[PDB]
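For reference, the chain that follows is the form deposited in one PDB entry, supplied as structure tokens.
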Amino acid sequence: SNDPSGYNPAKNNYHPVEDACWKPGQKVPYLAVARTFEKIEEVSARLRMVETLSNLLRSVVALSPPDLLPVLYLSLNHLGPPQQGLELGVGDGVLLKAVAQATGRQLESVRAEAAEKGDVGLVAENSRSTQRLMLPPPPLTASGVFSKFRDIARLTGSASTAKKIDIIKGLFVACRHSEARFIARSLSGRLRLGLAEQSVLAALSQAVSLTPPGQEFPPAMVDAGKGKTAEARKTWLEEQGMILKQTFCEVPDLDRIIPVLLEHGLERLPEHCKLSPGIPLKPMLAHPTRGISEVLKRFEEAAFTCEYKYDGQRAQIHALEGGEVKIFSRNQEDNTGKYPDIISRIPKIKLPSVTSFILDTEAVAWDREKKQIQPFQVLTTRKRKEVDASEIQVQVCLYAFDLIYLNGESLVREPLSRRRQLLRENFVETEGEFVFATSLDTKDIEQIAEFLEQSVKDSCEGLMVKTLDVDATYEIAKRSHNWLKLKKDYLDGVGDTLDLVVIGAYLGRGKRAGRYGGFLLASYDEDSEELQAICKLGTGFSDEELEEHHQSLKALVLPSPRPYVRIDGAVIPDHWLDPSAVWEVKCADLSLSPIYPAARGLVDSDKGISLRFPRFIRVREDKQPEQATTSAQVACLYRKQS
């Protein structure tokens, strides 16, 4: 009702009508969304964030139902269903230019402040706009802002960037209080609330459970939990939370779910939104494990299967009744246009009795001349959009490992033993085109160790381990990481570790604001007696170790780089460091780099070598730079991968 500036969606006994900061039927103000973001950001307990978001959503349901979908998208920082491919195309560069123009400041001055503060939002809000007149424009609304975000994402073609900057400036001109901070963070793709998809779903089921949609105004039922004991309320909300969560994992599309929720309610939701081919679903993921002993501990006495973990890209393959075929990525992006070859071979992989299906597969680059798997880096050279089958140069072999839907039957609640059997009996293998994941059903620790050894020898990353009957379903809402990934480089003493020289540091963003978030590392090239940048590094250290690194490196800061340090195309560090510290670094593999100079010319004329999945292990106090891993040793390690 009153000024949204005082809106407190975190207040005790929050009343969806009386504590709202707008009137019935009015559009939700964006400042209401922003104050909710502030109250979420101030706390660290997710459950407190969920209650706060729930309070906002209850007011939205009660007062302004049409703004529910935009508010949810704003809270996720999404533009729409992932398979529709809406993208801002903005990024820090465009955003920082728009902030500069809106405030009249120099781009470079804005850039330096952002790096220092580790946050663009604070730079955007703390500086006023030259564009603004004496009179402010009307206040921003949640749906107004969301549609402008969509406008940005739809702009294409020549001069589209200028048009994007104009929209962004228009937004900043109208911002009040904390609004610009979250507009800017949203545009840069770093909203960083500490609340995301799972907490948004929890807030949404709680909200529509406590404040049902569809009530004649004023709503007779503002809080449907008030008549319940605390224990009964909790059980009820957990039950309703799982209805929404399991539906969303089968149909992760708020454009479909929300209209149903507002019309028919949450209890009827599964009868209106169900898994079907053509709608991407959430995939089953995996937890790491440190060794075979641990696998047996997590699965106890449950029979399990081991499978090769292939190194390609996940492909969720849908065949609709009537013949249409769709392919989606692990993240529900539409990849149908990328695999014309796969689409044309569907008739060859399925027996003629199969009328529809959803397969879970790995797409792996395959050398038809040598009949062998190719590295991930080869796979990534495929074109991605509007590919014509004749133009394909990198062939793919599909390694199928699960089946989620068959002939109109959803298999989500079926044990893997049965899903696998339907997969094996209704689909046809062809060497180099479509094959079942190589597997072993055993409890013998010795066979597992060999089978692991062999998976590496056969061009794979290690093993995936899955129970067959006990907790062996495909219900992502019950456990999204139900499988176990046993990679060689997880083992504490088998992976390849390098001793690398710290040559630069990058100021941290977000959670790393105010310290270093990343470092530039180098190997030692003994031929030229120079240090060659090899990779950046930003994970593996605890917060405590990261504080010690800032302490021990601050004395090594230099105004200018050393002439025997070569970084070529790498990101220039915010702070150059006198080469001295040597860290032990682990990786999964070495890759051919278009930018890093380390070992350039030893394996390839144009490309140096970098690290795949690098992480800090520990400081090497017993090593000086001249004894770090050499560039020749790096080349030798790369060749060793064959």
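So that there is no doubt, residue numbering starts at 1 and follows the sequence shown. So that the term is clear: the rigid core is the largest set of C-alpha atoms that superpose within 1.5 Å between two forms.
Quick note: we don't show the form deposited in another entry, though the next part is all about it.
- Looking at 408, 189, 259, 104 after a core superposition between the shown form and the other one, you find that only 104 has a C-alpha shift of 2 Å or more.
- After superposition on the rigid core, the Cα atom of residue 436 is displaced by less than 2 Å between the shown form and the other one.
- When the rigid core is held fixed, the Cα atom of residue 555 travels 2 angstroms or more between the shown form and the other one.
- After superposition on the rigid core, displacement of the C-alpha of residue 34 between the shown form and the other one stays below 2 Å.
- The gap between the Cα atoms of residue 478 and residue 318 is smaller in the other entry, by no less than 3 Å, than in this form.
- By 3 Å or more, the C-alpha separation between residue 360 and residue 478 shrinks in the other entry relative to the form shown here.
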